[PDB]
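Visitor: Supplied in structure tokens, the structure appears directly below.
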There are 4 protein chains.
Amino acid sequence: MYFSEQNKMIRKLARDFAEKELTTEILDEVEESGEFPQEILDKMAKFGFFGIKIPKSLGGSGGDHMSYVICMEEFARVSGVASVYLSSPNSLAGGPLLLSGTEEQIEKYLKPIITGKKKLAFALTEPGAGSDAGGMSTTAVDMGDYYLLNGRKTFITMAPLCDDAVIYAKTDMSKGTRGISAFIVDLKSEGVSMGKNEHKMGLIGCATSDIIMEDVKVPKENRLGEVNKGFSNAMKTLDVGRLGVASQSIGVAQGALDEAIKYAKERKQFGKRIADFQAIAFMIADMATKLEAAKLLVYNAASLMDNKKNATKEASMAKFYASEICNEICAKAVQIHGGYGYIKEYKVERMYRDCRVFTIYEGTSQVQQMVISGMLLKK
Amino acid sequence: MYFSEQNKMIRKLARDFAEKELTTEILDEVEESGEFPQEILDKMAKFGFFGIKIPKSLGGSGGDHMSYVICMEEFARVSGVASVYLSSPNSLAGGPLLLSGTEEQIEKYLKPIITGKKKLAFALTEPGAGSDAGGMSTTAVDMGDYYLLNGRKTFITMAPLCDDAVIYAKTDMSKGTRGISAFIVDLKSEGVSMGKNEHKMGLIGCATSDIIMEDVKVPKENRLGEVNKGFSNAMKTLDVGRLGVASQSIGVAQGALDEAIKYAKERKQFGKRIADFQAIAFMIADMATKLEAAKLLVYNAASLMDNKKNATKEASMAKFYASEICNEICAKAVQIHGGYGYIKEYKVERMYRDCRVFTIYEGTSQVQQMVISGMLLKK
Amino acid sequence: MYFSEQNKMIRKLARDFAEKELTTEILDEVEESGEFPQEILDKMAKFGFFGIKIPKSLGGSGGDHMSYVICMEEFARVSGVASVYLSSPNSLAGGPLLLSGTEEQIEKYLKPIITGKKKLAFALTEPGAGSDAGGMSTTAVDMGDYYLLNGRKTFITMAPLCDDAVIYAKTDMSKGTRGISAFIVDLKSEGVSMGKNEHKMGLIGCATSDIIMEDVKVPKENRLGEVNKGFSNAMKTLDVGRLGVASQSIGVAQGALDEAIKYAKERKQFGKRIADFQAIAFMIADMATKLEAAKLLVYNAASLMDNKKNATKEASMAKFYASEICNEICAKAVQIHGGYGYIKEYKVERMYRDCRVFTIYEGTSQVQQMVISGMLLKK
Amino acid sequence: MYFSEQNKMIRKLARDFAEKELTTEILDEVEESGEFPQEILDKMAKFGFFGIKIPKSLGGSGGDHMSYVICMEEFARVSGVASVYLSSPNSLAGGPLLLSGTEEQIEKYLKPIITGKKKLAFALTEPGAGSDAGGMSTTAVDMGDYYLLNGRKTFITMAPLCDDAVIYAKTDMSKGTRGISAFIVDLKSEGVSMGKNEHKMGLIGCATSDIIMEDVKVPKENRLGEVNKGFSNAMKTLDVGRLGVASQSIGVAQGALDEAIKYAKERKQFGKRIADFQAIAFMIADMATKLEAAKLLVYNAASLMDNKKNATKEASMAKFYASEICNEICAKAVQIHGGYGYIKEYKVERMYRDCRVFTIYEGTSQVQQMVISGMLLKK
Ligand SMILES: Cc1cc2nc3c(=O)[nH]c(=O)nc-3n(C[C@H](O)[C@H](O)[C@H](O)COP(=O)(O)OP(=O)(O)OC[C@H]3O[C@@H](n4cnc5c(N)ncnc54)[C@H](O)[C@@H]3O)c2cc1C
Ligand SMILES: Cc1cc2nc3c(=O)[nH]c(=O)nc-3n(C[C@H](O)[C@H](O)[C@H](O)COP(=O)(O)OP(=O)(O)OC[C@H]3O[C@@H](n4cnc5c(N)ncnc54)[C@H](O)[C@@H]3O)c2cc1C
Ligand SMILES: Cc1cc2nc3c(=O)[nH]c(=O)nc-3n(C[C@H](O)[C@H](O)[C@H](O)COP(=O)(O)OP(=O)(O)OC[C@H]3O[C@@H](n4cnc5c(N)ncnc54)[C@H](O)[C@@H]3O)c2cc1C
Ligand SMILES: Cc1cc2nc3c(=O)[nH]c(=O)nc-3n(C[C@H](O)[C@H](O)[C@H](O)COP(=O)(O)OP(=O)(O)OC[C@H]3O[C@@H](n4cnc5c(N)ncnc54)[C@H](O)[C@@H]3O)c2cc1C
């Protein structure tokens with residue numbers, strides 16, 4: 001779109017930073033030892049990347065959505081897992097706090113994660129409930145002085161590293177999608193237990209496991225907003241989160257392309273260089289135009305959010321198209337690198353593996369199509 | 001992108017107009033009798049659609065590029081051939097006049113075509129020179145009091161209806177791309193003769209033939225700008241023209257989609273309506289998201305032109321992606337209509353046929369990829 | 001696959017024939033005047049092309065299914081409409097006779113159409129019943145000595161040229177798919193009336209209209225096989241018909257490819273010939289490998305039919321994949337021809353238009369996917 | 001095609017075998033410890049899988065090419081790395097021996113690898129010479145009683161496990177593609193040294209490194225056939241090898257599809273089971289029809305080889321189309337599994353990673369297109 005002069009500066013910051021602090025030496029160590037260095041996280045919160053769109057009124061940074069997408073893109077370009085550690089407090093953890101949270105809860109909960117002292121997990125997915133989050137099975141019972149919960153959450157990002165976790169349980173089992181409340185649970189409490197870290201294909205550096213809740217008591221003073229609102233809470237958080245996922249799609253995309261034209265300029269085979277063979281140069285073109293076309297897709301979505309019009313469709317398109325053509329791009333970049341793009345030392349293979357969940361998690365491409373077509377066909 | 005409040009009004013105008021004046025009854029008669037009604041052309045120039053981006057300083061309308069794209073889109077949606085009769089004086093005829101034309105030439109030539117009295121053909125393509133316009137063969141010789149030309153131009157839109165035609169001939173046969181001048185030729189003069197109207201697949205209502213030049217003398221006072229500049233003249237006209245072609249791609253696209261979701265809402269087969277079958281609804285989604293993604297592509301290109309930064313890449317992407325996904329869309333719309341979308345009474349078949357040149361003319365998709373990749377790979 | 005030496009001979013015949021009798025001069029007149037020359041049909045039946053798979057036991061020709069596909073392919077390469085006039089008596093007309101017809105019915109009905117004296121239309125589709133042929137609305141009532149019918153059929157190939165027509169009507173309206181009988185109706189009789197010839201996009205030379213039935217009485221002696229088997233009758237004819245449609249898919253494909261590499265060898269741009277630009281040569285490759293891959297798909301289906309195992313899935317895959325990649329091929333061939341491929345004199349545009357229905361009629365690609373997936377997931 | 005009854009039996013054997021000996025427990029340990037169990041290789045040679053197409057005349061097994069593809073497919077379905085350990089002695093090692101090797105050389109070299117005592121690496125690729133194998137830089141000098149070599153080979157499968165290696169060096173540096181001889185070098189000799197094992201994305205269990213030659217002297221008695229024929233030797237081995245690669249393409253495809261429809265039958269969302277949502281069932285269909293279409297592509301190529309006509313194009317199409325649509329399939333299968341398909345315990349992710357090299361090695365898809373188009377346009 002068009003970038004505000006402050007957002008151009010932020011772009012400059014996230015560039016020099018993400019490029020400078022995420023060295024080859026480190027990122028290799030993250031894949032081998034699935035542990036992101038706490039020192040870097042602290043370093044990020046110190047300059048506020050953990051607080052981009054939250055305003056100074058609550059002790060944030062006072063940026064706009066476009067600044068969140070800009071930082072998301074420019075980070076994810078260099079490393080995927082970095083992006084994961086970035087989106088959580090900006091969007092998935094700091095979302096429902098920012099919407100359905102009393103002033104006390106925000107004082108005791110949000111500012112810690114913006115400054116990097118506390119870590120917060122957004123926990124919705126169950127073994128029986130994936131795309132159909134409305135078909136949850138975790139229960140939440142009102143006992144008066146506290147709430148009692150009994151359930152199980154799979155695929156919970158960062159959870160073993162998290163201190164509290166926003167967990168969605170079914171309060172009114174009859175109302176279904178109308179009867180879900182949202183609670184803040186201290187993961188250190190009773191009954192709560194974690195599953196094994198899951199061995200995933202990519203995005204290695206951030207642990208991901210199950211949250212098991214066994215007769216865990218949660219005080220009433222730690223419930224998110226109104227009772228039976230939890231579902232709308234999670235949707236309206238999910239829109240900005242999906243903007244996040246499309247944002248990292250576009251990041252790692254632009255990156256794998258940059259590595260693409262670099263290798264294609266440098267490698268020679270028939271006396272010509274690779275990039276002077278028509279098949280390749282056209283292929284580069286094709287990738288470039290999709291990437292831009294759709295950069296414009298997602299930029300537009302975020303600008304809508306910033307000007308307060310509903311972005312529920314526009315974001316869904318952004319996540320869908322961005323992640324899909326990201327995968328197409330990542331693959332093609334392998335193919336330009338040729339054989340060498342299959343060895344782990346060439347950065348393009350880590351990308352190719354990373355960019356695959358992008359079409360699954362945060363709502364599959366199918367769920368995206370369901371939202372969009374369902375929005376265009378109502379009569 | 002974001003639309004200026006005047007451009008929203010223009011959108012309203014071109015909508016009510018194109019919708020109101022291009023009735024089924026007429027458009028059917030245009031396909032049967034390959035003749036667009038002069039009365040409608042006059043009607044268009046009377047409200048200035050023939051003069052959108054040319055400023056009031058020269059007797060134009062004072063709009064911006066985004067207003068040219070808006071009108072191009074909203075017209076082309078309803079009828080392709082209408083768009084053709086629209087882009088000519090706005091972009092292809094009024095371009096080189098606006099750039100490399102003396103004040104006298106513009107007084108005697110441009111204002112007529114803005115008011116619809118004169119018609120001007122942009123003639124570059126030869127039988128031997130297509131994508132490679134630099135390999136022209138029409139010659140132009142300096143005799144002192146006039147220029148003498150000898151050549152032949154194929155595929156010249158509107159030419160039998162045109163009064164003068166901007167014709168590019170080779171002056172310095174040795175310089176090639178560096179030695180091409182541009183001349184204004186009265187088509188009524190000596191030696192000049194026209195070929196047969198070509199029977200094309202779609203875009204029926206506008207005649208298209210060869211311009212044959214046989215020892216035709218042209219006065220020196222009718223040359224475009226400097227000698228041997230003609231080529232750069234034609235390129236810099238071609239950028240805004242390509243914006244035009246992408247503009248009509250996006251128009252007829254949005255239209256065939258609108259007909260798409262309409263038929264899919266109305267038709268019933270298994271008791272359900274068509275649109276409630278998952279394959280279709282998802283298909284609608286896919287088409288919609290590409291179309292928007294890329295609407296954002298071309299809107300962005302035009303905004304760049306309006307703010308004076310070079311749009312030579314951005315436009316090329318716009319023409320490429322827009323026309324290609326337009327064809328994909330047009331086809332899919334046939335497939336939703338099912339059998340009925342194969343009969344001429346259903347508007348979708350005229351679209352499907354129209355939208356096919358979009359990837360060929362104004363520079364093929366291959367030439368587009370050549371420009372783009374060649375721009376990204378220079379080292 | 002591997003062709004039996006007699007089938008190679010048949011390939012030679014249909015090649016030299018279709019090439020020699022279907023000249024450019026004729027086919028243009030067929031497009032302009034939507035009338036195929038009766039003299040050519042007679043000429044075809046005289047050498048037996050009207051009777052390929054019907055055996056000499058009934059006075060047919062004694063070929064195998066692979067011989068029907070061979071003639072279908074080699075004809076369709078040269079002209080689409082020829083194929084339409086070819087498949088009808090081989091598959092669509094001679095099918096239900098061959099399954100559920102007594103020897104008398106075959107004596108009075110089939111031999112005429114094998115020798116080209118009579119013409120038979122296969123009429124199933126209604127305005128309300130397309131893909132869902134089971135939701136028919138045409139009725140058939142038992143009066144003892146004859147049946148009484150009241151309904152309406154759209155999109156009936158060749159019908160205004162046909163002497164009798166196999167019409168599927170609902171006898172037991174409650175049984176639905178289980179309660180449909182098939183009757184032979186002489187179109188010259190009472191009540192029978194035709195709709196307008198439909199103006200279709202391509203495949204021009206064969207009329208196609210509605211068959212309107214208003215209290216038309218039909219004798220019992222003209223019913224297909226047992227009562228209420230008709231639906232399975234029509235399905236099992238539809239399988240070999242679908243083999244037909246894939247056959248012409250593969251035909252027009254080979255043609256448009258042959259024009260593709262021919263034009264690409266002959267035309268030169270920028271000094272090189274077209275075919276020496278890497279993009280084109282690769283494009284040719286891509287079309288070729290798909291085409292072959294899937295030629296092998298369809299040859300195999302027909303060979304299965306010849307060795308008597310059920311070919312109901314395999315044919316469905318053949319029709320689906322063959323028709324879709326046929327369209328992709330046809331388009332790409334236009335794009336190689338460049339601008340010239342948009343004028344009707346270049347054969348590639350007639351192909352491009354013909355090959356479009358291929359994915360709709362004889363069961364859409366969607367119906368194909370429904371059949372195939374429904375066949376693979378039953379456990 | 002149509003399988004000879006002995007080849008159906010062989011299909012049964014390789015199925016029950018690959019299924020019974022390659023258990024989940026083992027294959028996980030192979031990924032973790034990049035070492036395939038020697039006990040299994042011995043077990044395979046004991047039943048002759050190491051000698052499929054080599055005939056009993058030389059102490060082989062007497063199968064046909066179709067039997068090599070059958071075992072390749074049915075093995076690769078279950079595990080990719082198994083296939084790698086399978087194709088080497090059948091095609092890549094036993095190829096050049098079979099063409100340009102004297103009976104003594106075959107006595108001392110081939111029978112060991114058919115019985116699994118010795119291992120032979122096919123070493124052609126250099127760091128400067130990939131697709132352009134003709135631009136080699138390894139040298140071979142004639143000293144009379146032996147040859148002296150100095151060069152370097154990257155990406156040599158199985159090399160650290162191999163006892164001898166067929167190495168292609170340039171003898172006449174001026175003749176280029178016409179001046180390459182092929183030699184057998186015992187890897188335990190002098191000068192010979194190995195590079196590091198390369199960390200590849202998938203196909204983990206088989207080591208792959210550089211073969212470094214530093215003034216290694218090789219006796220004349222170990223040269224392949226006539227001098228300077230070696231290149232055509234290596235090409236004509238590469239054709240059957242490419243048939244191999246397409247064979248495993250088709251294998252891992254069938255596997256990932258089988259996991260696809262299995263998971264899609266068992267998993268239920270929103271109340272329905274996965275497979276009863278139209279998008280999925282159609283997706284399954286699409287993968288299936290392509291897979292079959294092209295299974296037929298490759299079966300046919302191998303049958304041609306068995307009946308002795310040149311299969312150089314047909315195999316190239318088979319490798320190209322087979323590997324590409326294999327990747328498309330593998331990915332889509334991930335997407336059906338949803339989130340769970342991104343964790344290593346679900347077999348589909350190992351497939352997805354394995355099937356990626358398939359389009360690069362044994363000649364890239366680009367080299368395939370170059371061969372195919374170059375074969376179709378020569379006139
Ligand atoms: C797991 C594995 C095992 C291997 N085993 C063996 C083995 O046993 N023996 C062996 O000899 N090799 C082996 N190789 C090497 C492999 O076969 C080759 O590397 C392969 O041919 C590609 O080589 P390259 O990457 O150097 O090609 P590069 O030339 O480096 O790649 C160029 C890229 O651009 C494309 N390209 C190349 N030339 C052109 C052109 N003129 N026009 C357009 N596009 C072009 C290609 O498609 C490719 O994508 C193995 C590789 C791997 C990954
Ligand atoms: C040139 C021509 C010749 C013909 N000749 C004959 C002939 O000789 N005999 C004859 O009987 N018919 C004939 N037909 C009719 C043709 O075979 C049928 O119309 C065809 O089956 C499609 O019918 P329809 O358009 O009504 O389908 P519609 O149902 O009107 O179309 C529905 C559309 O949505 C899709 N769709 C349908 N149901 C579903 C679903 N449940 N889920 C998802 N998607 C769905 C379909 O793919 C299709 O694109 C002819 C048609 C043409 C164009
Ligand atoms: C309706 C219509 C209106 C037109 N109006 C005008 C007009 O007003 N003015 C005008 O000047 N022209 C006009 N044209 C012509 C059109 O602009 C030209 O045809 C177009 O620029 C391409 O020329 P060509 O068709 O001759 O392409 P050709 O070059 O003849 O065709 C070459 C083909 O191969 C590809 N190709 C070409 N060069 C290369 C390369 N180097 N590498 C790889 N692939 C390549 C192209 O994609 C194309 O498919 C019109 C055409 C049509 C159909
Ligand atoms: C790295 C990672 C991190 C994650 N982090 C989180 C997290 O922080 N919080 C969280 O809540 N979840 C998280 N998840 C889980 C993820 O959000 C869910 O998996 C996702 O929402 C989809 O759920 P599912 O994978 O179970 O899909 P499933 O529903 O189990 O899979 C169904 C499959 O079929 C398709 N499908 C589903 N429903 C339909 C339908 N109605 N019609 C047609 N097709 C359909 C889908 O595309 C999908 O491919 C994470 C997952 C991963 C891999």
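By order in the structure tokens, chains are A, B, ...; within a chain, residues start at 1; ligands start at 1, following the order shown.
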For chain B, list the residues within 7 Å of chain A, counting only C-alpha atoms, and write the list as a PyMOL selection string.

Guide: chain B and resi 1+281-282+284-285+289+293-294+296-297+300+317+369-370+372-373

Visitor: Would you mind exporting N, CA and C atoms of the selected residues as a PDB file, in the first residue's frame?

Guide:
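Saved file again28.pdb follows:
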ATOM      1  N   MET B   1      -7.180  -0.320  -2.983  1.00  0.00           N
ATOM      2  CA  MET B   1      -6.430   0.589  -2.140  1.00  0.00           C
ATOM      3  C   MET B   1      -7.394   1.408  -1.313  1.00  0.00           C
ATOM      4  N   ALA B 281     -18.976 -23.727  -3.603  1.00  0.00           N
ATOM      5  CA  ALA B 281     -18.747 -22.590  -2.721  1.00  0.00           C
ATOM      6  C   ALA B 281     -17.269 -22.309  -2.554  1.00  0.00           C
ATOM      7  N   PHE B 282     -16.478 -23.352  -2.365  1.00  0.00           N
ATOM      8  CA  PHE B 282     -15.038 -23.179  -2.325  1.00  0.00           C
ATOM      9  C   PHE B 282     -14.508 -22.618  -3.633  1.00  0.00           C
ATOM     10  N   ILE B 284     -16.025 -20.661  -5.781  1.00  0.00           N
ATOM     11  CA  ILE B 284     -16.359 -19.242  -5.723  1.00  0.00           C
ATOM     12  C   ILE B 284     -15.337 -18.515  -4.880  1.00  0.00           C
ATOM     13  N   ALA B 285     -15.013 -19.079  -3.722  1.00  0.00           N
ATOM     14  CA  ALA B 285     -14.055 -18.440  -2.834  1.00  0.00           C
ATOM     15  C   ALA B 285     -12.747 -18.204  -3.565  1.00  0.00           C
ATOM     16  N   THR B 289     -10.924 -14.584  -4.084  1.00  0.00           N
ATOM     17  CA  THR B 289      -9.678 -14.158  -3.459  1.00  0.00           C
ATOM     18  C   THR B 289      -8.631 -13.808  -4.495  1.00  0.00           C
ATOM     19  N   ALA B 293      -7.074 -10.042  -4.599  1.00  0.00           N
ATOM     20  CA  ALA B 293      -5.648 -10.005  -4.326  1.00  0.00           C
ATOM     21  C   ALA B 293      -4.915  -9.071  -5.256  1.00  0.00           C
ATOM     22  N   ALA B 294      -5.360  -9.218  -6.523  1.00  0.00           N
ATOM     23  CA  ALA B 294      -4.868  -8.659  -7.781  1.00  0.00           C
ATOM     24  C   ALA B 294      -5.549  -7.377  -8.229  1.00  0.00           C
ATOM     25  N   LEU B 296      -5.871  -5.545  -6.055  1.00  0.00           N
ATOM     26  CA  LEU B 296      -4.938  -4.761  -5.265  1.00  0.00           C
ATOM     27  C   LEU B 296      -3.595  -4.621  -5.967  1.00  0.00           C
ATOM     28  N   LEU B 297      -2.980  -5.729  -6.431  1.00  0.00           N
ATOM     29  CA  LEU B 297      -2.045  -5.417  -7.543  1.00  0.00           C
ATOM     30  C   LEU B 297      -2.263  -4.215  -8.514  1.00  0.00           C
ATOM     31  N   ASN B 300      -2.749  -0.659  -7.065  1.00  0.00           N
ATOM     32  CA  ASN B 300      -1.474  -0.145  -6.594  1.00  0.00           C
ATOM     33  C   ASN B 300      -0.667   0.418  -7.747  1.00  0.00           C
ATOM     34  N   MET B 317       3.440  -6.427 -13.960  1.00  0.00           N
ATOM     35  CA  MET B 317       2.797  -7.402 -13.091  1.00  0.00           C
ATOM     36  C   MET B 317       1.285  -7.303 -13.193  1.00  0.00           C
ATOM     37  N   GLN B 369       6.717 -11.399 -18.696  1.00  0.00           N
ATOM     38  CA  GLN B 369       7.689 -12.087 -17.868  1.00  0.00           C
ATOM     39  C   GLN B 369       9.097 -11.652 -18.236  1.00  0.00           C
ATOM     40  N   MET B 370       9.365 -11.450 -19.521  1.00  0.00           N
ATOM     41  CA  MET B 370      10.679 -10.976 -19.945  1.00  0.00           C
ATOM     42  C   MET B 370      11.008  -9.625 -19.323  1.00  0.00           C
ATOM     43  N   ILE B 372       9.775  -8.337 -16.546  1.00  0.00           N
ATOM     44  CA  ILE B 372       9.839  -8.392 -15.090  1.00  0.00           C
ATOM     45  C   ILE B 372      11.106  -9.089 -14.623  1.00  0.00           C
ATOM     46  N   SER B 373      11.354 -10.290 -15.127  1.00  0.00           N
ATOM     47  CA  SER B 373      12.566 -10.999 -14.753  1.00  0.00           C
ATOM     48  C   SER B 373      13.788 -10.221 -15.175  1.00  0.00           C
TER      49      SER B 373
END

Visitor: If you count only C-alpha atoms, which residues fall within 10 Å of region 81-89 of chain A, apart from same-chain ones fewer than 4 positions away, as a PyMOL selection string?

Guide: chain A and resi 18+22+27+30-31+36+40-41+44-45+49-52+54+68-69+71-77+93-95+110-116+118-122+157-158+202-206+240-241+244-245+247-248+251-252+354

Visitor: Near region 128-141 of chain C, counting only C-alpha atoms, which residues have an atom at most 8 Å away, once you skip same-chain residues fewer than 6 positions from it, shown as a PyMOL selection string?

Guide: (chain B and resi 268-270) or (chain C and resi 147-152+168-171+173+176-177+181+363-364+367)

Visitor: In region 36-153 of chain C, what's strand (DSSP E) per DSSP? Answer as a count of residues only?

Guide: 16

Visitor: From the set A:21, A:258, A:226, A:210, which residue has the shortest atom-to-atom contact distance to ligand 4, counting only C-alpha atoms and all ligand atoms?

Guide: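 The shortest atom-to-atom distance to ligand 4 comes from A:210.
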
Visitor: Which residue out of A:267, A:347, A:327, A:360 has the minimum interatomic distance to ligand 1 when only C-alpha atoms and all ligand atoms are used?

Guide: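 Using only C-alpha atoms and all ligand atoms, ligand 1 sits closest to A:267.
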
Visitor: For ligand 2, which of D:291, D:351, D:279, D:231 is the closest residue, counting only C-alpha atoms and all ligand atoms?

Guide: D:279

Visitor: What are the closest atom pairs, with distances in Å to one decimal, for all residues of chain C lying within 6 Å of ligand 3? Consider only C-alpha atoms and all ligand atoms, order rows by chain and residue number, and present the result as a tab-separated table.

Guide:
residue	atom	partner	partner_atom_place_in_ligand_line	distance
C:269	CA	ligand 3	29 (O)	5.6
C:274	CA	ligand 3	34 (O)	5.8
C:277	CA	ligand 3	43 (C)	4.9
C:279	CA	ligand 3	43 (C)	5.5
C:280	CA	ligand 3	44 (N)	5.8
C:335	CA	ligand 3	49 (O)	4.6
C:336	CA	ligand 3	49 (O)	3.9
C:337	CA	ligand 3	49 (O)	5.4
C:338	CA	ligand 3	49 (O)	3.7
C:339	CA	ligand 3	25 (O)	3.3
C:340	CA	ligand 3	25 (O)	5.8
C:342	CA	ligand 3	53 (C)	5.9

Visitor: For the residues in the current selection, export N, CA, C and O atoms as a JSON list (two decimals), in the first residue's frame.

Guide:
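The result, stored in selection31.json:
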[["chain", "number", "residue", "atom", "x", "y", "z"],
["C", 269, "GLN", "N", 10.70, -15.02, -34.23],
["C", 269, "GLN", "CA", 10.70, -13.72, -33.60],
["C", 269, "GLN", "C", 12.11, -13.42, -33.11],
["C", 269, "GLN", "O", 12.92, -14.32, -32.91],
["C", 274, "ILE", "N", 10.44, -19.24, -33.00],
["C", 274, "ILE", "CA", 9.66, -19.42, -31.79],
["C", 274, "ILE", "C", 10.12, -20.60, -30.95],
["C", 274, "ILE", "O", 10.35, -20.47, -29.75],
["C", 277, "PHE", "N", 13.02, -20.59, -28.21],
["C", 277, "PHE", "CA", 12.95, -19.89, -26.95],
["C", 277, "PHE", "C", 12.54, -20.89, -25.88],
["C", 277, "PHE", "O", 11.60, -21.65, -26.07],
["C", 279, "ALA", "N", 11.04, -20.94, -23.03],
["C", 279, "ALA", "CA", 9.69, -20.99, -22.50],
["C", 279, "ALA", "C", 8.79, -21.82, -23.39],
["C", 279, "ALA", "O", 8.06, -22.70, -22.92],
["C", 280, "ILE", "N", 8.82, -21.56, -24.70],
["C", 280, "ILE", "CA", 7.94, -22.28, -25.61],
["C", 280, "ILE", "C", 8.28, -23.75, -25.64],
["C", 280, "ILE", "O", 7.42, -24.60, -25.43],
["C", 335, "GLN", "N", -2.07, -19.60, -27.13],
["C", 335, "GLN", "CA", -1.09, -18.63, -26.66],
["C", 335, "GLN", "C", 0.20, -18.75, -27.44],
["C", 335, "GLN", "O", 0.89, -17.75, -27.63],
["C", 336, "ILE", "N", 0.56, -19.95, -27.89],
["C", 336, "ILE", "CA", 1.73, -20.05, -28.74],
["C", 336, "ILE", "C", 1.48, -19.34, -30.05],
["C", 336, "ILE", "O", 2.34, -18.60, -30.54],
["C", 337, "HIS", "N", 0.31, -19.55, -30.65],
["C", 337, "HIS", "CA", 0.07, -18.86, -31.91],
["C", 337, "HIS", "C", 0.10, -17.36, -31.74],
["C", 337, "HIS", "O", 0.32, -16.64, -32.70],
["C", 338, "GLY", "N", -0.06, -16.89, -30.52],
["C", 338, "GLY", "CA", 0.01, -15.47, -30.34],
["C", 338, "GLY", "C", -1.22, -14.82, -30.91],
["C", 338, "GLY", "O", -2.27, -15.44, -31.04],
["C", 339, "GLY", "N", -1.08, -13.56, -31.28],
["C", 339, "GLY", "CA", -2.22, -12.82, -31.81],
["C", 339, "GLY", "C", -2.96, -13.54, -32.91],
["C", 339, "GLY", "O", -4.18, -13.53, -32.96],
["C", 340, "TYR", "N", -2.22, -14.17, -33.83],
["C", 340, "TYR", "CA", -2.86, -14.76, -34.99],
["C", 340, "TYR", "C", -3.81, -15.87, -34.58],
["C", 340, "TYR", "O", -4.80, -16.11, -35.27],
["C", 342, "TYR", "N", -6.09, -15.83, -32.60],
["C", 342, "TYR", "CA", -7.38, -15.31, -32.18],
["C", 342, "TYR", "C", -8.29, -15.02, -33.36],
["C", 342, "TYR", "O", -9.44, -14.64, -33.15]]

Visitor: Find the residue from D:305, D:272, D:237, D:154 that sits nearest to ligand 4; use only C-alpha atoms and all ligand atoms when measuring.

Guide: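 Answer, going by the shortest atom-to-atom distance: D:272.
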
Visitor: Neighbours of residue 189 (chain A) within 12 Å (only C-alpha atoms; same-chain residues fewer than 6 positions away dropped), as a count of residues only?

Guide: 11

Visitor: Using CA of residue 124 (chain B) and CA of residue 256 (chain C) as the two end points, give the distance in Å to one decimal.

Guide: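 Value for the CA of residue 124 (chain B)-CA of residue 256 (chain C) distance: 28.9 Å.
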